[PDB]
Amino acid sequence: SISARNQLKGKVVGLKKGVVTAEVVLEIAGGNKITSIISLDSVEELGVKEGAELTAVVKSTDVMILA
């Protein structure tokens, strides 16, 4: 119910922990890949792991268009 209009359901296939940030790579429907860099705290708090089923969220105003 949050306004972010892009919610892409997917599966974690890559995970890399840094000191402050984290990188979560999801395999989503149709064969596309989504790359997320978020805080390492949210990554540990949400219990993300390779194979977990997750949703990638993106606010519309953060989406560019390439012709």
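Residues carry their position along the shown sequence, with the first being 1. Superpose the two forms; the largest set of C-alphas matching within 1.5 Å is the rigid core.
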Superpose by the rigid core: which stretch, 2 to 10 or 57 to 65, shows more Cα shift in 4 other deposited structures of this protein?
2 to 10
For the chain shown, is the CA B-factor of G10 in the lowest, middle or highest third of its modelled residues?
lowest
Using the B-factors in the PDB entry, rank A29's C-alpha atom against the chain and give the third, lowest, middle or highest.
highest
Record-listed C-alpha B factor of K16: chain third:
middle
Give the position of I65 by CA B-factor within its chain, expressed as the lowest, middle or highest third.
middle
